Amino acid sequence: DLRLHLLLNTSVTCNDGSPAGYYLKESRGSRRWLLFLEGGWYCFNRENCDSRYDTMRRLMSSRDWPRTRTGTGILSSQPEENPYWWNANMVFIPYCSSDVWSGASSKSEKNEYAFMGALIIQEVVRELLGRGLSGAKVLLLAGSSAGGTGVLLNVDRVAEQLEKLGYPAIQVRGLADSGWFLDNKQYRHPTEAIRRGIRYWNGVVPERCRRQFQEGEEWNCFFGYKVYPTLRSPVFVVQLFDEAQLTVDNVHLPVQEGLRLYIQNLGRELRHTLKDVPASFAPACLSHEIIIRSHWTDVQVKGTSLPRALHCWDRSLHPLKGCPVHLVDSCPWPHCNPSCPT
Ligand SMILES: Nc1ccccc1OCc1ccccc1
Ligand SMILES: *[C@@H]1O[C@H](CO)[C@@H](O)[C@H](O)[C@H]1NC(C)=O
């Protein structure tokens, strides 16, 4: 169980103006800190956000949040469930801003909703420094789905925040799970929704990526293969046949030739975008998310599991014999890897 803390600065808020927060379980014998960003799609205009407020309200408000949450997967404290970081300080940051963690705009007489994802992350970091984060050696910013894209947009800002506050010895790193998407052609007839959302949210993207693509084109920085080369912090990417990617591509699974080629080309393109990413784990499976699932230990690429690959990453940041960090499947069809989830 991680315990809820609502933010002391009550001007940093969920969509509806209620306080944002975080769930914490401390481990005083450890200098490692794991901050996990929840996902859950997004909303991009007044009518679409009103719909979400009716039937997905925990993703827009803290009013009904429980006082505790169970840590699962990489957030478990049990070595059998979490071979990687079972002894770490654990933080779960709920997603209540509907802005893929990019916003910095308050509720006002002009704005029915507040979109403060980027500021929520900053304020969680700032309040944690008083509860032990000041003594950390490593801060791992992790996240799944919209939270995985949120890692890519925020990891370098966290590094900058800690340097300017006077903690230059804390090593900031990122782990982006199921947040690496392609702006490809649909199978039957996305970038428009992000382009509209960014204006609706006052969304912010990393500075080097913003300077490459310039005004009006910041939406490009929500796509992993375009924003990742601009990042300075070390980032491990977990992603080949992602179900959210296929949903936006209008693919629903006796497969004819046209769809067979479409699916095989998608896997080849994903593989291509990861060729020059040295810390990555990309199995040939149809699935979505992995790192907070209890059975995240079962899947393997080339004989190496995800917890092992992350441990090898840690060792590399002190090539390694028998402990690889770049693991991408080469076979071309979903589930050609025998260890894919059932
Ligand atoms: N909405 C969004 C949010 C984050 C990153 C990209 C995004 O574009 C939409 C999208 C395109 C392809 C596959 C999945 C989603
Ligand atoms: C509370 O958060 C807001 C938004 O980031 C900021 O303007 C303000 O400085 C914060 N308050 C304090 C006391 O730090």
Side-chain angles (χ1 to χ4, degrees), residues 6-14 17 19-21 37-45 48-49 52 59 95 97-108 114-130 143-154 157-158 161 165 176-187 189-191 193-195 197-198 200-206 209 213 217-228 237 239-251 262 266-267 269-270 273 287-289:
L6 298 177
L7 293 180
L8 295 173
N9 186 344
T10 47
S11 279
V12 179
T13 74
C14 295
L37 307 177
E38 183 186 21
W41 288 103
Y42 51 102
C43 63
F44 58 97
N45 65 40
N48 185 265
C49 290
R52 187 177 172 88
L59 298 176
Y95 181 43
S97 56
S98 308
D99 59 2
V100 177
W101 296 96
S102 76
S105 162
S106 312
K107 192 178 170 32
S108 64
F115 295 100
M116 311 192 63
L119 300 173
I120 291 166
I121 289 168
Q122 174 189 279
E123 184 66 29
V124 173
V125 169
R126 183 180 63 83
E127 297 188 16
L128 287 176
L129 289 161
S144 299
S145 178
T149 308
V151 171
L152 298 173
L153 296 173
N154 287 284
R157 189 168 302 120
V158 173
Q161 186 198 359
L165 285 168
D177 167 28
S178 303
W180 187 275
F181 299 107
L182 301 179
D183 49 343
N184 61 347
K185 170 96 146 172
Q186 282 164 318
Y187 172 64
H189 283 282
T191 57
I194 300 299
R195 180 70 264 153
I198 293 183
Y200 190 56
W201 308 327
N202 187 52
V204 299
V205 298
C209 190
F213 287 100
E217 297 281 339
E218 297 94 354
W219 68 263
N220 278 282
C221 300
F222 286 57
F223 289 83
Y225 76 96
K226 301 185 203 183
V227 63
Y228 167 97
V237 173
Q239 188 67 33
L240 296 182
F241 310 102
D242 177 272
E243 298 173 319
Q245 178 81 51
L246 284 169
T247 288
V248 306
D249 285 331
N250 290 315
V251 170
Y262 183 93
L266 169 65
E269 286 175 349
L270 219 46
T273 60
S287 195
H288 188 57
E289 299 184 321

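First listed ligand is number 1; within each ligand, the first listed atom is number 1. Residue numbers start at 1 and run along the sequence shown. The basis for the numbers below is simple: all heavy atoms, side chains too, and nothing from hydrogens, waters or symmetry mates.
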Of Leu37, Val158, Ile121, which meets side-chain contact (heavy atoms from CB on, under 4.5 Å) against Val151? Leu37
Got a protein heavy atom sitting under 4.0 Å from atom 2 (O) of ligand 2? yes
Heavy-atom protein contact below 4.0 Å for atom 11 (N) of ligand 2: yes
Between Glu127 and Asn9, does any side-chain donor sit less than 3.5 Å from a side-chain acceptor? no
Show the atoms of ligand 2 that are less than 4.0 angstrom away from any heavy atom in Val12. 2 (O)
Give the atom numbers and elements of ligand 1 that come within less than 4.0 Å of a heavy atom of [X].
X	value
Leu182	12 (C)
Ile194	1 (N), 2 (C), 3 (C), 7 (C), 8 (O)
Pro190	9 (C), 11 (C)

Part of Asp183 with heavy atoms under 4.0 Å of ligand 1, whether side chain, backbone, both or neither: neither
Just verifying a value: how many Å separate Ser145 OG and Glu243 CD, rounded to the nearest 0.5 Å? 11.0 Å
Can you tell me how far the CZ atom of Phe213 sits from the CH2 atom of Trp219, to the nearest 0.5 Å? 8.0 Å
For ligand 1 and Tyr42, I'd like to know whether there is a polar contact (N/O to N/O, distance under 3.5 Å). yes
So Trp101 and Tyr95, would you call those rings parallel, tilted or perpendicular, with 30° and 60° as cut-offs? parallel
Could you check whether the rings of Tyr42 and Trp201 sit parallel, tilted or perpendicular, using 30° and 60° as the cut-offs? perpendicular
CA sep, side-chain torsions, deciding dist, call: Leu246, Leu266, side-chain contact (heavy atoms from CB on, under 4.5 Å): CA-CA 9 Å; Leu246 284 169; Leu266 169 65; 3.6 Å; yes
Between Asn9 and ligand 2, is there a nitrogen or oxygen pair with a distance under 3.5 Å? yes
